[PDB]
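Undergrad: Opening piece of a complex, kept in its complex position:
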Amino acid sequence: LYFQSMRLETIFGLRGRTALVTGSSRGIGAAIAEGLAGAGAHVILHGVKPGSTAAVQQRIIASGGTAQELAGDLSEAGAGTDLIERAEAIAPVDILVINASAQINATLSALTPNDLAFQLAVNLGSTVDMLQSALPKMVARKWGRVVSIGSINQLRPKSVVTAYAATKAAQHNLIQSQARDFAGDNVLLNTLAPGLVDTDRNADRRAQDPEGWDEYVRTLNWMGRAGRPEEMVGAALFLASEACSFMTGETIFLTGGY
Amino acid sequence: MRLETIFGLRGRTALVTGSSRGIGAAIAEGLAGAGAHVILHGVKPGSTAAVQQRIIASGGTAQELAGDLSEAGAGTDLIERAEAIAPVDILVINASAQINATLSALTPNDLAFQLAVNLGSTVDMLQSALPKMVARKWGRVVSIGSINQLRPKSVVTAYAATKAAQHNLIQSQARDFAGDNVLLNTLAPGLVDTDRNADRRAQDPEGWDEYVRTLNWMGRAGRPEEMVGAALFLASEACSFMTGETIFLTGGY
């Protein structure tokens, strides 16, 4: 009962809050989802197909947390709106982690109309839709957290991911304009922008080409290595909790130094 | 080291989107005054007649290509048409769509329209123009950005996000083609007196004066002509060691 101000549970604890984490079936979203549940949030997991989140759900339950799934392809018109509405019908959504994204590599000469539109639909379109449904609901409850997963490419882009990088820049810009609008309602939005992280998106290459991969990562960033998904978790807990009550519209870069 | 030797554009050709009026018009006349042949552009045929007349009157040369940049493939068609007239050395990406709306009033149609013009036609123009510039081993893109690309206000939620994506494209392509002398940079204005705000300005001058007084450190809106020096710098040999960057002309902000 005394000196409560300074405890980890007071600062980062999420008991009584609910988080929706898009693309939490695996990778960074899965790590973040487990971390959030670890701090006490009830977590609504999401993936494209029904049942894709089963393994993460069971890890959350086995660690004494609670979680359930909502599935859906975010490339579909209105999908972001519908996801929020379904999540809200389960419980008030206090925390939204915008993690699922589309990425098709191509330099400008290889960028097709289809690929550009798909990456916009998922990365910008569904983001606009989810914020449009979720933010008024958080504003009405006077508390909200959006943790948008961005990328070092939002700030220093490489043409190998031309379109994706451009959608990540637009996405953070949304986080900024809305943070400015709703800060006074305790509805805060920030971006967590990773550099290179070991996930499925590169699982195959690592396994098939260790020599190359190591020479590449060695001069990519100051640590000379890829990050692990679990290394995103602290920053996500910070951005999802009372701990960031005086921070909004900002980006935390986790790039291994870059 | 005469001004002409630093910023001169004799022998170059520039395409300036949205050069019928406002910032694009001032830029077009500046480029033509530095010696560029200028291809002017606006939505409808004849929209650029006045700027063309002023360029010719001052001893420069110019002609018009019109087209609505919101239509699918319009950027590609525009560059192809301009290239059939002459090598396009300098591309000024100035025309843009802006529909004011906070997030609650942002419709999918309005979002799609702003994307089509601000990002869609930009991608299409660069996809067509950059390879031509690279083969010639010289090129300049001057993308007209906005302070909202960096510190956005929700009153232009969608437009601000498109300007952030557009500058990101400028950076990724700058990084690819710098070794070919094909340079891309953003000129990002703060508030500038144009038609886009003539209506507010005419309509509540006190409300307006009071908003500009505290907007930026100079307490005023910029004039389209104050964009021109910067455009000349980014369009010429002068910026030969500069690429992927942004010049902010915001009155101090």
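TA: All right, it came through fine. Numbers count the residues shown, from 1 in each chain, chains lettered A, B, ... in the order given.
Undergrad: Tell me the secondary structure at residue A:96.
TA: Following DSSP: H, G, I helix; E, B strand; the rest coil, we place residue A:96 in the strand state.
Undergrad: now it: how far from residue A:239?
TA: 11 Å (C-beta to C-beta, to the nearest Å). In this view, the C-beta of every residue, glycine as well, is placed from N, C-alpha and C.
Undergrad: intersection of neighbour lists for the two?
TA: Shared contacts of residue A:96 and residue A:239 (C-beta atoms under 8 Å, 6 or more residues apart in numbering or on different chains): A:145, A:147.
Undergrad: Between these two, which has more neighbouring residues?
TA: When neighbours are counted by other C-beta atoms under 10 Å in any protein chain shown, residue A:96 and residue A:239 differ, and residue A:96 comes out ahead with 29 against 25.
Undergrad: what sits against the more buried one?
TA: When contacts are counted by C-beta under 8 Å, 6+ apart, residue A:96 touches A:19-20, A:84, A:130-131, A:134, A:144-147.
Undergrad: partner residues bridging it?
TA: Judged by DSSP bridges, the bridge partners of residue A:96 are residue A:20, residue A:146.
Undergrad: residue contacts, residue A:32?
TA: A:21, A:24, A:97, A:99, A:147, A:232-233, A:236.
Undergrad: What of residue A:235?
TA: Taking C-beta under 8 Å, 6+ apart, we find residue A:235 in contact with A:192, A:252, A:254.
Undergrad: how far away is it from residue A:28?
TA: 11 Å.
Undergrad: what residues are shared contacts of those two?
TA: What both residue A:235 and residue A:28 touch, as defined by C-beta under 8 Å, 6+ apart, is an empty set.
Undergrad: so how many other residues sit close to residue A:2?
TA: By the criterion of other C-beta under 10 Å, residue A:2 has 4 neighbours.
Undergrad: now the sequence for chain C, which goes on the structure above:
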Amino acid sequence: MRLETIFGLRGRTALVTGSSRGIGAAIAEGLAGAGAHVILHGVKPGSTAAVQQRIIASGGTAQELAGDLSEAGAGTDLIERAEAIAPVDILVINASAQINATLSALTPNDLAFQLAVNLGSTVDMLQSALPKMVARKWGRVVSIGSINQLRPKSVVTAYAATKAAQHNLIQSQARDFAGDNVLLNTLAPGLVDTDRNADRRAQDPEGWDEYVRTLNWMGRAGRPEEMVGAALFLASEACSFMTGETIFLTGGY
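TA: Okay, here's chain C dropped in alongside the others:
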């Protein structure tokens, strides 16, 4: 993935400069609450007695090293003294000097004093501490910066410039020692209620309320305790893939 497993500091030792009160005091108590042994610091012996008492009262451990960081070599002496007590794993560079003055009222003495504390002692502490941390293959520096390091106001002309230099040191050293797991980052607050502004605040509450209302997007000053989560993040395993960066806690700005 318990909070304790992510942010826990059992077995680590932290030195927090200027932990007698304000932001440094809150940070010290937070670190001690996460399990760090904390070495507290203030200008004069006994200045940190209260924070030490609260740490011990909540089950943590702490002790004091005092010293004026404006004196030549003081940063070096401070680190050497702390290292003779235990390995210093975490260095929080919080104490700073701030003498308000616009450029016309900036004296060479005031400039030298702010440089000596804000940059001089920082260089000396890092010069002494970093090699020790590197040899142990783990280290954290949490430099307390300021929004003025990035968007300065002339009312703190000299102080703002020192905070910009200090963050630059953080970045150059981060880049050198990242491969050794010795990480350095800046926590940069906007306006926070401390003693440094208790006097204004007590003295013209309307003038004050009116200035904070429009200062940042939340329209309020932060509390020292709102710095603590961020300090814990930057002081622990949690920031293992983050270095050379800045966390801005400004209320939105």
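Undergrad: let's see the neighbour count of residue A:2 again after adding chain C.
TA: Residue A:2: 7 neighbours (other C-beta under 10 Å).
Undergrad: Next: the one 10 residues further on.
TA: Using other C-beta under 10 Å, residue A:12 has 26 neighbouring residues.
Undergrad: Report whether the expected contact of it with residue A:237 is present.
TA: Yes: Residue A:12 lies in contact with residue A:237 (C-beta atoms under 8 Å); the separation is 5.1 Å.
Undergrad: Which residues are in contact with residue A:131?
TA: Under the criterion of C-beta under 8 Å, 6+ apart, the neighbours of residue A:131 are A:96, A:146, A:174, A:178, B:103.
Undergrad: contacting residues for residue A:156?
TA: Residue A:156 touches A:258, B:171, counting by C-beta under 8 Å, 6+ apart.
Undergrad: repeat for residue A:219
TA: By C-beta under 8 Å, 6+ apart, residue A:219 has no neighbours at all.
Undergrad: Can you tell me how far it is from chain C?
TA: 11 Å (C-beta to the nearest C-beta, to the nearest Å).
Undergrad: Now for the residue lying closest to residue A:258 once chain neighbours are set aside, how many residues are close by?
TA: Excluding the flanking residues, the one nearest residue A:258 by C-beta to C-beta, 6 or more residues apart in numbering or on different chains is residue A:221, at 4.8 Å. Per other C-beta under 10 Å, the neighbour tally for residue A:221 reads 23.
Undergrad: List phi and psi for residue A:221.
TA: phi -140, psi 180 (degrees, to the nearest 10).
Undergrad: Surely it touches residue A:254?
TA: No: judged on C-beta under 8 Å, residue A:221 makes no contact with residue A:254 at a distance of 10.2 Å.
Undergrad: who's in contact with the residue lying closest to residue A:24 once chain neighbours are set aside?
TA: Closest residue to residue A:24 apart from its sequence neighbours, by C-beta to C-beta, 6+ apart: residue A:33 at 4.0 Å. Neighbouring residues of residue A:33 by C-beta under 8 Å, 6+ apart: A:19, A:21, A:24, A:43, A:45, A:56, A:60, A:67, A:97.
Undergrad: add chain D to the structure above, sequence below:
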Amino acid sequence: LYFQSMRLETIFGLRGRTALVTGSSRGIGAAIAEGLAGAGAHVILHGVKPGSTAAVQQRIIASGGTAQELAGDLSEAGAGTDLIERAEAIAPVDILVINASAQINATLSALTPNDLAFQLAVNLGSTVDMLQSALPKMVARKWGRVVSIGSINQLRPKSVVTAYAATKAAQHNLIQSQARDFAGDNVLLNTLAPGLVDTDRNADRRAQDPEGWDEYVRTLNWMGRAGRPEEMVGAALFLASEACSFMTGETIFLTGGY
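TA: Chain D added:
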């Protein structure tokens, strides 16, 4: 007499203005000084020892411009104040190019008290002093331009130049706080920040080690080359003239892409 608005001479012309360019005996300062005189400014040249600016002065004169020298070591206390006062006794100083700087390479472990203090004295100390004397004088005349020469190291520093980089960050911060104060008086301050440029500071290395140097510059920046001093000139003319009338407190980075 018609369409004057759009001419190069109107936009960038400096007839009737006077510029003081520190460290203009050679390198970037010399190129900038000649460019300014080329646009019509009367240029006060500066170097450490009397007569160090003689060759640049004669190039300026031979091209039909005017220039004269003021010499002095900026590491001395009060040197910046005294330089401005001497320049003002020649003519009102409309344009100040803060180009001379001290640079002694050292990582943190090799940084000595003497070297740190010297680099502060020149890069920060004399900068504070010159701005302190010059700005009120420009404010009284309702027109002024400060073009501060910074460095890519002000933003992304390398430890090989630890102290220097830190002084360049502080220096740009001064440019910002003062720009904000005096914008309303048409007294504008901006930073021109070069990346790697061929000057005397590396003249010896280039000449003695061409193979190494070329491999190094090839992956340094996106152009794969060092800049030339004359490539700073356009940006300096822009920042010194009517052309930047709506720009203050900003940095132009000339780094070859970085």
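Undergrad: Once more for the contacts of residue A:131, now including chain D?
TA: Neighbouring residues of residue A:131 by C-beta under 8 Å, 6+ apart: A:96, A:146, A:174, A:178, B:103.
Undergrad: Over to residue A:37?
TA: By C-beta under 8 Å, 6+ apart, the residues touching residue A:37 are A:43, A:60, A:63, A:65-67.
Undergrad: now, the most widely separated pair of these?
TA: The most widely separated members of those, counting by C-beta to C-beta, are A:43 and A:63 (11.3 Å).
Undergrad: More neighbours: which of those two?
TA: Taking other C-beta under 10 Å, residue A:43 and residue A:63 do not tie; residue A:43 has more neighbours (30 against 12).
Undergrad: My guess is that one contacts residue A:67. True?
TA: Yes: using C-beta under 8 Å, residue A:43 is in contact with residue A:67, at 4.4 Å.
Undergrad: and of the contacts of residue A:131, the nearest to chain D?
TA: Taking C-beta to the nearest C-beta as the measure, residue A:174 is the one of the contacts of residue A:131 closest to chain D, at 24.8 Å.
Undergrad: contacting residues for the closest one?
TA: So residue A:174 contacts A:124, A:127-128, A:131, A:148, B:152, B:157, B:161 (C-beta under 8 Å, 6+ apart).
Undergrad: same deal with residue A:183?
TA: Taking C-beta under 8 Å, 6+ apart as the test, what residue A:183 contacts is A:248-249, C:216-218, C:251-252.
Undergrad: Grab the nearest non-local neighbour of the one residue sitting closest to the centre of chain A.
TA: Central residue of chain A (C-alpha atoms, centre = their mean): residue A:99, 2.9 Å from the mean position. Leaving aside its sequence neighbours, residue A:99 sits nearest to residue A:29 (C-beta to C-beta, 6+ apart; 3.9 Å).
Undergrad: which ones are touching the one you found?
TA: Neighbouring residues of residue A:29 by C-beta under 8 Å, 6+ apart: A:21-23, A:46, A:97, A:99-100, A:149.
Undergrad: Much appreciated, bye for now.
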